[PDB]
Structures are given as structure tokens and as C-alpha cells.
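Structural features, examined
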Amino acid sequence: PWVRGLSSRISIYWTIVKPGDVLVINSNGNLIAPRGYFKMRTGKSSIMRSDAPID
Amino acid sequence: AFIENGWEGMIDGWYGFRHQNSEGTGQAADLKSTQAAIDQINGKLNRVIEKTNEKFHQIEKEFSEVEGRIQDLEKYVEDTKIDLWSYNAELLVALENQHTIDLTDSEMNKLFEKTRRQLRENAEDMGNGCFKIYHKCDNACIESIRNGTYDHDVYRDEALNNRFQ
Amino acid sequence: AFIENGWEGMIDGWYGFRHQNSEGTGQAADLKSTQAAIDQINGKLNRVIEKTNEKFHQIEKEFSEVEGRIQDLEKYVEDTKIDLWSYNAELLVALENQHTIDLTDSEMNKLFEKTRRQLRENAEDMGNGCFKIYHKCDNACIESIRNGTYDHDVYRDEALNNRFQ
Amino acid sequence: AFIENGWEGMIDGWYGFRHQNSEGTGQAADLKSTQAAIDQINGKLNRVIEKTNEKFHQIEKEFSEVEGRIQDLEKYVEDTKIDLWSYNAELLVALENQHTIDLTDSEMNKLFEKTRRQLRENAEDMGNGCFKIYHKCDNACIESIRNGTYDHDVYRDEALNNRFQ
Amino acid sequence: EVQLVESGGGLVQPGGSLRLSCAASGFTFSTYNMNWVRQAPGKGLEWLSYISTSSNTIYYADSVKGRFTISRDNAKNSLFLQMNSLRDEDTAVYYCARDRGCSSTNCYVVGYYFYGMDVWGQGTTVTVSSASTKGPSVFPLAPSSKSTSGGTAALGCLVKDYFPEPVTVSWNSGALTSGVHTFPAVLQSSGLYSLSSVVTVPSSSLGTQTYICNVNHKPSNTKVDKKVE
């Protein structure tokens, strides 16, 4: 359907790489390459949907 | 509720006494039984309302897009743990209010036992929570039973001549 | 259990008295202490057996086709909340039966306190839940302590001549 | 805590008596009130620590490979029932320790009632958990109140001549 | 945070009248109990009075005998410690403390003073003396050789007949700080304080190094420098 003028979309799938593993990405089309990664830190953080302002 | 009525003018403690003799009337809060009751009351508060929180990463509990079985699984566990915490709230706080009436009855029973262990042959009960002292009791005699320093052998020969006579 | 035995012939109340004087014997249920006990007993029932149900859409709990991890998650989910409700059933009803024996002991203690606050110099205990009245007590005297309208200063000069003599 | 201090030398029971007369002193454990208290104490243990285990196939609770939503559901499921069992552990064992102090107070109150129903006109309390016997009480008199075979009408004329005189 | 600030101090004569203050902040003043505990020089702590939130239960010590008056106001959140019929024994540092109330960690229901006082203020110095402000009198001390094998010699300065305490005494305007010992002030027969300050120096620098004992007094603006030689 017409979303923001365009009629095409992209599916997003993730892959977690452990320390000691090697990531191999081979494709023959429709491949989107990552430009980096993120650090999987361990903490007490979460997400929350809200509409209240910040004071 | 066999106390007929409390004391509205005593705002300096949860318990106390109301003396009445030839030197006038008045109310005085007991420093022993009131402080011994707040240690049992405030001990019930800080183990429930303080340091009972959980800091961890939760999951999404409200959804706008209905997916199917994956959302139907997490909805049944979330509605259970809300109702399980609500059932524990109806189990704890309703019993904490039930025990607090039993705690104030036990603190009154300990106050009746502390007064009863010093006024055996010296006084008798009246039926409304008051004790009928059968001897001369001035303001120093009131503070002796309030602080727990009352002597039974001193006022024994005076009150026994007017108790059964 | 220090009451030795109850009364099987009294089927018109949970509590009561058994009088014995020159005008005959008989049993009569106390209208004050029995009604004050059912308000505590039936108050425990309607907050548990009434208005404690949940009307909502549940999930499938029994399966014939074994799928795998999706069924293994809800199987450990369902078996926990059944055991959590069974543990809360062994926590509530076992304590409700424990408090009811303590309630009937407290209602007997309040009945012993209501009788004890009117029979200090007029009667004494016997050891089996009965009071030894040291004065003449007719059927109107039995109903005076039953309705709580007994007077201590009236029968004071009669029972004190036979209590310690 | 109105008992001032217990007895460290009495290691043959939870309760007992300490006699003192012309035939010497000593300590003796009560065979009635101690055994009646262990039936209430050990009855609380075997319904909690015994036959309360669940033998069933559980699921994987610790994971090394993070998959996503399938592991995020069971992580919030497992952390809830661990905290629910921990909250019930802070609800049961803290109330079982609270009731045990009330049980030992009630067993002392039943011991004070069993001694109080035999020493009305024969003895009086002292204030530290001891009774002041106003008559001659040998070692057979101590064992009569210990076994519950004490008679009130026998020592009535002897102790009443020294109680109020 | 919870902090108690005292005020109303200063210098007074024996027989006057003052009114101390105990400013509270960070907590509700109308729910906690207050008291009055001082600290005598050379002695321990001494409780004086106690007041409640209802202002009906007021207690006093045996040494008070009605000579002091303690009040409070919920609209200003402070105390009113009236000091009447003072003497030389009452010259001490006064403090106001807040009672704990319960035996738990945080007392949501405030009780009484049966579980200590966990909040204490900074305090103010109240000096009760009839002597006025007087500048210090510096007296030097001539050193001499005492240790033969060690070769050391002590020297110092005597600060006597000054008022009030204290006096910041140093050497060479803070240049000589090693081995400098500061002695506390003691009461004399005239009521004025007196202390001293010495510095461990070798005997080889007696006739070479100049030792100037600097004495500076704040409220009298007296600066007397005497060379120790």
C-alpha cells in the first residue's frame, strides 16, 4: 500500500554475534549491508511508551 | 470495643491515662505502652512499603496490533500476575488491618496486665476500662503506675480496709 | 479445649448459658455474644466465596497435538498458576480455620470478660467454664448477665458474706 | 517479654516451674504444657517442609544464545514466579515466626490460666511470672499443680488466713 | 537534606537573658520531637529539656528548675530556647537534636526519644562571662641548650590575659609549620584564657634563624609580634 508516497518496504532481521564467532553474510540480491554494530550491555534498562513531558 | 469510649483530647500519644483526684483532673500519655506499640506498627510498614521494589527489564504489556498466539500467551500471564498481586494485596493488607486491631487489643491487654499486676489488693476494675482505686492516689501515685514504679506493699494496708468494707 | 465440654442440647445459637437454681434448670442462648461472632464469621465468607471470580478470555490449557516450544511455555505457565492458586488455597483456608478457632476463643474470652466485669466480688470461676455464684440468683438474675444489665453494687453485700466465709 | 527472665538451667523442656520451699530448690519441666506446645509447633513444620515439593518437567530457565521474543517471554515468566515464591516466603515464614511468639504467649497464657484456675483464694501473682503461695506447699503440692491434680477446697482455709491478713 | 542550623549565640554577662534558635530544613518540623542537649567543657553531654509536637508534654532536667523555657512554632519551623538566670557553670556549647522515633530504618510514624537522636546540628558558642574584650599580651621565652648528645632547644611564646577565645597563633606568618604544637586555652584566676605554642627546632639555628611568633586576634584587631631569641 501507499505508505509515504512509495509502494515498497524492507524486512528487518537481526543476528547476534558472540565473542569468538565469525559473521559470514553471503547474498545474491536484495541485500542491505550494515555499517557497524552495537555493544550488548547488561543493565536494568527498559522501554516505556508515554506522552508526558519531561521536568 | 470493653472500652466504652476513648479520649479525643489526648493528642500526644496513642495510649494514656485519665486521672481524677482532689488535685484536679487531666490527661497524660503513657510513654511506655505507646512507644512499645509504634515499634510493632512501624515495623509492619518498612518491610512492606520500603525496599520491596523490583528493578528489572520488563516486556511490552499493551499492544495495538493484534498478532495472534504470541500476544495471547503474554496477555494471560500478565493478567494473572496482576490478579495474583491483587489477591496478595487483598491477603496482606486486609490481614495487616486485622492484626493491627489485634495488636492494639494486645497492647491494651499488656497495659491491663501491667496495671493488673500492681493493683491486685489495691484497686478493682469498673467495666469501662477504668480502675477504681480504693486508697488515696495523688499525682505522684498516677505517675508511679504510668512509669511502672508503683509499689504494692506500700498501699496494701490502706486500700484493703475500704475494698471489702 | 479450659472448657471441659460443650452443650449438645443448645441448638438455638453458637453460645449461651446453662443456669441451675431452685426454680429448675435449662439452657438459653446468649443473643449478644452469638450475633457478635457471626458478624466476624460471615464477614470472612463473603469476601472469599462471593465476588472473587474473574470473567475474561483465557487460553487453551489442554492440547492433543504436541507442537513444541510454544506448548511447553504455556504448560509451565498453567501448571505454576494452578500450583500458585493451590498454595494460596493452603495459605488462606488453613489460616481461616486457624483464625476461627482463635475467634471462638476470643469470643469466649470476651464472654468471660463481660461476665468477669460483673462478677468480681459476687462470684468466682470453677475451672470448667462455669462460675460459682455466692448469692441468690433467680431466672431474672441469669437474664441480667445475659443481656449485660447486671448490677454489681446490688448483690455486693450478699455474696461477700459467703465468698471468704 | 510479663516474664522478666527465663531459666537457662532447664534443658529438659520448653516450659516448667521453679519451686522454692523448706525442702530445697530446683527446676522441673511441665509434661503437660510443653507437649501441648510441640504439637502446635511441629504441626506447622510438616505441612511446610514436608510433602510440599512438585515433581514435573520444567523448561529451560538459563540461556546462552539470545534469540529474541521467545526468550523474552519466558524470562519475564520465570522472574515473576521466582519473585512470587520469594514474596510468599516473606509472607509465610515471617508470619509463622510471628504466630510462634503468639503461640508461646498463648501457651504461657494457658499455663497462667491453668495455674490461675487453681490458685484463686490460695495464691496471688508477683509480677515477674511467679505466684506467691500463701500456704504451705511441699514437693507434692508442686507436682499437684504441675500434673493438674491440685485441689482448691483443701488449701482454702489455710491460705485465706494469711492472704488478706 | 536534613540539617539543623543554630543561632542566637554570642557573648553575655552572668545574669542576662537570651533566646536561642534551631532552624530546621528538609523535613516536616511539626511531626518530629525536639530537645536541648549541651556539651560542657571538660565534662560530657547533659540533657536539659524536651518538647513534643502538641506542645503539652514538656519535661525539664534536675539542673534546670524552671530557669529555662523551651517553645516552638509550626509556622516558622524553629525552636525558642529562652535562657534565664545564667551563671558561670552554664558557659558551654548548646545543640538541638531531633528524636528518631522508632526502631526501624525510616520512622514513618514518629514516636518518642526512646531510640536515640540521629540528627544533630552544628551548634553555636555561648560564652557567659563578665569580662570584656581585651587584647593579648605576648611574652617571649629565651631558649637554652638542654640536650647535650641530641643538641636540641625548645622555644615558644606565652599568650596570656586575652578575651575571647581563640587566637590563631603561628610562626613566621605560616612559614614554619613543622613541629608546631598548639595548646588549648585554660581558665585563669581572673577568668581570662591563656595558652601557648612551641616548635621543636635544633640548637644550631638559634642565633641564625629568626623565629617571629605571630599573634593575631580577630574581634579585637590586635597584632603583636615578638621576636623569640
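Per the deposited record, determination of this structure is attributed to cryo-EM, with the resolution reported as 3.7 Å.

Quick word on the interface of chain B and chain C
In many analyses, interface size is given as the accessible surface area lost on bringing the parts together. Opposite the 25 residues of chain B that make contact, chain C presents 29 residues. Buried surface at the junction of chain B and chain C, summed over both partners, amounts to about 2300 Å²; 59% is from carbon and sulfur atoms. Ranking the residues of chain B by area buried against chain C places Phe-2, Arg-69 and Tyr-76 of chain B at the top, with a combined share of 33%. Our count for the chain B to chain C interface comes out at four salt bridges. A salt bridge links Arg-117 of chain C to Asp-125 of chain B, with the shortest nitrogen-to-oxygen separation between them at 3.0 Å. Taken together, the connections running from chain B to chain C amount to nine residue pairs in polar contact. Looking at the side of chain B that touches chain C, the elements that each hand over two or more residues are helix 2 (69-116) and strand 3 (123-125) of chain B. Per-element tally for the side of chain B that touches chain C: the top contributor is helix 2 of chain B, with 14 residues. The residue inventory of the side of chain B that touches chain C, partitioned by class, reads 12 nonpolar, seven polar and six charged.

Let's talk about the state of the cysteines
The tally for this structure, following the rule as stated, stands at six disulfides over all chains. Here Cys-137 of chain C engages in a disulfide with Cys-141 of chain C; their sulfurs sit 2.0 Å apart. Residues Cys-137 of chain C and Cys-141 of chain C are joined through a disulfide that is left-handed, its torsion about the S-S bond being -95 degrees. There is a disulfide in this structure between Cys-102 of chain E and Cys-107 of chain E, and the S-S distance comes to 2.0 Å.

Section: helix 4 (residues 156-163) of chain B
Turning to helix 4 of chain B, its buried residues are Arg-156, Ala-159, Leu-160 and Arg-163 of chain B. Relative to the axis of helix 4 of chain B, the buried residues are bounded by an arc of 105 degrees and lie together on one face.

Quick look at the packing of aromatic side chains
Taken as a whole and assessed by the stated rule, the structure comprises 20 aromatic pairs over all chains. Note on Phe-112 of chain C and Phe-131 of chain C: the rings are 5.3 Å apart at their centroids and 40 degrees apart in plane angle, and the pair reads as tilted. One end of the pair, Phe-112 of chain C, is in helix 2 (residues 69-116); the other, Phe-131 of chain C, is in strand 4 (residues 131-133), with 19 residues separating them in the sequence. Residue classification places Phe-131 of chain C among the partly exposed residues on the basis of a relative accessible area of 25%. Three or more aromatic residues joined by ring pairs make a cluster, and in this case those are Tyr-50, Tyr-59, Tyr-113 and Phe-114 of chain E. Of note, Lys-81 of chain D hangs over the ring of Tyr-76 of chain C, and the distance from its end group to the ring centre comes to 3.8 Å.

Re the relation of the copies chain B and chain C
It takes a turn of 120 degrees to lay chain B on chain C, together with a shift of 0.0 Å along the axis; the resulting RMSD is 0.1 Å. A rotation of that kind, with that shift, is consistent with a three-fold axis. Closest approach to the rotation axis among the C-alpha atoms of chain B is made by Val-77 of chain B, whose C-alpha sits 4.2 Å away.

Describing the UniProt feature "coiled-coil region" (unreviewed entry) in chain B
Per the UniProt annotation, the sites labelled "coiled-coil region" (unreviewed entry) are residues 31-69 of chain B. Across residues 31-69 of chain B one finds 38% helix and 0% strand; the C-alpha atoms that close the span lie 63 Å apart.

Describing helix 3 (residues 139-146) of chain B
Taken together, the buried positions of helix 3 of chain B are occupied by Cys-141, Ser-144, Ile-145 and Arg-146 of chain B. Tucked inside the fold, the buried residues of helix 3 of chain B contact strand 1 (17-21), strand 2 (24-28) and helix 2 of chain B together with strand 6 (59-60) of chain E. Phi turns positive, to about 80 degrees, at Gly-148 of chain B, one or two residues after helix 3 of chain B.

Examining the environment of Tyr-193 of chain E
Residues and elements named next belong to chain E. Looking at where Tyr-193 falls in the secondary structure, it is placed in strand 18 (residues 193-202). Separated by 28 residues in the primary sequence, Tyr-193 and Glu-165 have C-alpha atoms spaced 6.9 Å apart. The contacts of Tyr-193, once residues within four sequence positions are left out, are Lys-160, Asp-161, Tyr-162, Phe-163, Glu-165, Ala-185, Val-186 and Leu-187. There is a polar contact of 3.2 Å between the side chain of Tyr-193 and the side chain of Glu-165.

Examining a nonpolar patch on the surface
Together, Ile-10, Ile-12, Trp-14 and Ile-32 of chain A make up an exposed nonpolar region whose accessible area comes to about 560 Å². We classify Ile-12 of chain A as exposed; its relative accessible area is 59%.

Quick notes on the arrangement of the chains
One finds no contact between chain A and chain C; the C-alpha atoms of the two approach each other to within 21 Å at their closest. Note that chain D does not reach chain E: the shortest distance linking a C-alpha of one to a C-alpha of the other is 16 Å.

Observations concerning the sheet that holds strand 20 (residues 223-228) of chain E
All names here are of chain E. Strands sit in the order 15-19-20 across an open sheet of three strands; the sheet is antiparallel. Two strands close off the open sheet at either side, each with one partner strand: strand 15 (168-171) and strand 20. With direction set aside, neighbouring strand axes in the sheet form an average angle of 20 degrees. Bridging between strand 15 and strand 19 (residues 211-216) involves four bridges; their strand directions are antiparallel. By the bridge assignment, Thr-168 is partnered in strand 19 with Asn-216.

What to know about the pairing of strand 4 (residues 34-39) of chain E
Residues and elements named next belong to chain E. Burial analysis of strand 4 places five of its six residues in the buried class, the great majority of the element. In this sheet, strand 5 (residues 45-51) lies alongside strand 4 in antiparallel orientation, the contact comprising six bridges. In the sheet register, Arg-38 faces strand 5, and the bridge partner there is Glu-46. For strand 4 and strand 9 (residues 92-95), the ladder comprises three bridges, and the chain directions are antiparallel. By the bridge assignment, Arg-38 is partnered in strand 9 with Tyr-94.

Some points on the packing of helix 1 (residues 33-46) of chain B against helix 2 of chain B
All names here are of chain B. Contact geometry of helix 1 with helix 2 gives a least axis separation of 10 Å together with a crossing angle of 160 degrees. As summarised for this structure, helix 1 and helix 2 are arranged roughly antiparallel, according to the angle between their axes. Classified by chirality, the crossing of helix 2 by helix 1 is right-handed. Residues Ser-33, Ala-36, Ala-37, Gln-40, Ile-41 and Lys-44 of helix 1 form the contact with helix 2, whose own contacting residues are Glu-96, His-99, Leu-103, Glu-107, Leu-111 and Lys-114. Residue classes in the contact of helix 1 with helix 2 are distributed as five nonpolar, three polar and four charged.

Observations regarding the pattern of salt bridges
As enumerated under the stated definition, the model contains 46 salt bridges over all chains in all. Linking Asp-157 of chain B and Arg-156 of chain B is a salt bridge whose minimum nitrogen-to-oxygen distance equals 3.9 Å. Since its relative accessible area comes to 53%, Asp-157 of chain B is described here as exposed. Exposure remark for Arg-156 of chain B: the relative accessible area of 18% places this residue in the buried category. The structure contains a network of salt bridges with shared partners spanning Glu-113, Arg-117 and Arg-120 of chain B together with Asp-125 of chain D.

Digging into the side chain of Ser-78 of chain E
Residue placement: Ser-78 of chain E occurs in strand 8 (residues 78-84). Those residues within four positions of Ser-78 of chain E in sequence are excluded, and the remaining contacts are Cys-22, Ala-23, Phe-29, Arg-72 and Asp-73 of chain E.

Details of the side chain of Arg-156 of chain B
Looking at where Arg-156 of chain B falls in the secondary structure, it is placed in helix 4. At 2.5 Å, the side chain of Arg-156 of chain B and the backbone oxygen of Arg-163 of chain D are in polar contact. Leave out the neighbours within four places in its chain, and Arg-156 of chain B touches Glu-121 and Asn-122 of chain B together with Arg-163, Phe-164 and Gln-165 of chain D.

Cut-offs used in this document
Residues numbered from 1 in each chain as written, not as in the entry; some residues may be left out. Chains lettered and ligands numbered in written order. Part of a larger assembly, values for the part shown. Heavy atoms only, no water. Residues with missing side-chain atoms left out of burial classes, pairs and counts. Contact = heavy atoms within 4.5 Å. Buried area = accessible area lost by both parts, 1.4 Å probe. Salt bridge = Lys/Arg side-chain N within 4 Å of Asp/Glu carboxyl O. Polar contact = N/O pair within 3.5 Å; in protein donor to acceptor, adjacent residues only side chain to side chain. Helix = DSSP H or I, 4+ residues; strand = E, 2+ residues; numbered from the N terminus. Nonpolar A, V, L, I, M, F, W, Y, C, P; charged D, E, K, R; others polar. Disulfide = S-S within 2.5 Å. Buried < 20%, exposed > 50% of the residue type's maximum accessible area, 1.4 Å probe, protein only. Arc of directions from axis to C-beta. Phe/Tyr/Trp six-rings, centres within 6.5 Å; stacked < 30°, edge-to-face > 60°. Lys NZ or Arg CZ within 6 Å of the ring centre and 35° of its normal. Least-squares fit on C-alpha atoms. UniProt positions renumbered as here; feature names shortened; annotations may be inferred. Patch = residues over 30% accessible without salt bridge, like charges linked within 9 Å, V, L, I, M, F, W, Y side chains within 5 Å. Areas by Shrake-Rupley, 256 points an atom, 1.4 Å probe, with all protein chains shown as cover. Pairing = 2+ DSSP bridges. Axes fitted to C-alpha atoms, helices over the stretch in contact; angles between N-to-C directions. Parallel < 35°, antiparallel > 145°, perpendicular 65-115°, else oblique. Left-handed = near helix turned anticlockwise from the far one by under 90°.

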